[PDB]
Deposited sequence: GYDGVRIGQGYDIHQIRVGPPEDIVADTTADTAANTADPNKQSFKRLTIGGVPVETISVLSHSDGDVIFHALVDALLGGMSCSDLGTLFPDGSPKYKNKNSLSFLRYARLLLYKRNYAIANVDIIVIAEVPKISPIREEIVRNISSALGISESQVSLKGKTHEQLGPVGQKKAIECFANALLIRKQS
């Protein structure tokens, strides 16, 4: 009883502060970035969205996305799975991930009831290439390993 899960998300961004879909303040990993706007239906959290998708995929299931991340916590418990670890990559020209990394990791640890040592997070630029390189978009690939209790 070991399972892999995988998730992906992309949103269009703009470098302004902000002032179906509209341009709002970026949220990423539950962390506001008041200097970037995001085009989204929801809060447009590429990290929480792709991570939530990773955890449901691990279990062969399908605006504030902290809500989704807490439900995933309850679904994992209902289905008898524990997280071994999760590993997250943001591909983004901006924002830099390093300054807010400890915070995001804390937001994810917390919300899923795991330790900070079960969460890895890394930012890569797109080397100024394509929509992501030109600051038009951000994406996230998230991976989860799950273990059947117990």
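J.: From the N-terminus onward, what segments of the deposited sequence lack any C-alpha atom in this model?
T.: Several stretches lack coordinates - namely 1 to 3, 23 to 40, 84 to 98, 187, in sequence order.
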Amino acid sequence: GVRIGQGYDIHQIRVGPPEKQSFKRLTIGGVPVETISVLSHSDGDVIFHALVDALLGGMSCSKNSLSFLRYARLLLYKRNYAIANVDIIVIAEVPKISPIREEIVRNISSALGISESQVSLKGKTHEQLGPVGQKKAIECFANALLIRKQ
From here on, numbers count along this sequence of modelled residues.
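J.: Pick between 66 to 74 and 82 to 90: the one whose mean CA B-factor in the entry is higher.
T.: Taking the mean C-alpha B-factor of 66 to 74 and of 82 to 90, the larger value falls to 66 to 74.
J.: Quick check on the record: does 33 to 41 or 49 to 57 carry the larger mean Cα temperature factor?
T.: Looking at the record's C-alpha B-factors, the answer is 33 to 41.
J.: If you rank every modelled residue in this chain by C-alpha B factor, which third holds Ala142: lowest, middle or highest?
T.: Lowest third of the chain for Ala142's C-alpha B-factor.
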